[PDB]
Structures are given as structure tokens and as C-alpha cells.
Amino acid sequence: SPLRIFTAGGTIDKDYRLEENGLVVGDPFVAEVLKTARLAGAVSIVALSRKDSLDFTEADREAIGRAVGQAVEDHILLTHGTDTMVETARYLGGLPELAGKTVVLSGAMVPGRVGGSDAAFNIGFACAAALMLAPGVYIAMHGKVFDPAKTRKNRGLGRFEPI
């Protein structure tokens, strides 16, 4: 089935800028991974935001919900920061307009542009999850699927975990 990928920012997309003396959320790394993936099927990417997910407001989550509803596609990947991925995912789970879609959130604990990143694995795993899971909203990280309503980010473990 056609997959629509929305990019909202996060650590996955961070890149170094000399002006900042550090990282900024940069161009979406999922486009760099899919460029070499030799894809057979119909996939397209849309930018929604370039924010660290710590910076997301309730107005941002509402805007993300409406944007995902602008896609006719029933299989959606949203790349996002991990720090408020649960808050977005739980918000999207409450939108009756998205009930027929499979919506998977993912991202990376280490930027794709930094050595030793989880990003490319996570993108492959999450694209499969978006194609194969039944309608609902899910987090695909750490090589497994999480139910947002029963998940939290454990900042001491650096992992999502059950509540």
C-alpha cells in the first residue's frame, strides 16, 4: 500500500551548524535512508516541522493531527523526537478522523548524521510496521511495537518502556 511519511523533527534529524556551535534539527534523515533503499513501491515524504519534540505545544500536536488527516493514504510514518513522542501518539489516538489509518511514530536516540545511529534500522522497521499493522497509532522503536497508552519514555534507561 502507498506509504506517506511526515517529518516533524527530533534527534534523528539533527545536524551540526558552525553558527550554533552545535546541533540544530536539520533536513529530514528519512530522505537520506530512503534514497539508497532501492524502493519498489509508492512512498512520499512531507515536511511538517523541524523542532526538538521538547518544544512542541498542544497547538503543534493539533496541527500534526490535522496534517496527518490531509493524507488520503492509510499507512503513515511520522518521524519525530522521542522526548514527547508519547504525548503526540496519545493525542493522535484520540482523533476519530484517523481511525482507519495505521500511524507509526519513530525517530532515533542518536542523530542519523552521527556515527553509531539507530536511525536507518528504525526507519526500515517503522516502514514495515506502518505497512503491516492494523489501524491504530503505534510507536516503533527498539525493534518492537509499543502501545502509546501503555508506554512511557524512561530518560534514565534511554528507552521507551511499558508504564
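The numbering used is simple: start at 1 and walk along the sequence shown.
> Hey, which bit's got the bigger mean C-alpha B factor in the entry, 116-124 or 51-59?
Replying inline: Mean B over CA atoms: larger for 51-59.
>> On mean Cα temperature factor in this entry, is 33-41 or 94-102 the higher one?
In response: If you average the C-alpha B-factors of 33-41 and of 94-102, the larger mean comes out for 94-102.
> With respect to the C-alpha temperature factors reported in the PDB entry, which of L23, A140, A149, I12 ranks highest?
Replying inline: Checking the PDB record, the top C-alpha B-factor among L23, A140, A149, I12 is at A149.
> Going by what the PDB entry lists, where does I5 fall on CA B-factor within its chain: lowest, middle or highest third?
Replying inline: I5: CA B-factor falls in the lowest third of its chain.
>> Which third, lowest, middle or highest, does the C-alpha temperature factor of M132 belong to within its own chain?
In response: Highest third, going by the recorded CA B-factors of the chain.
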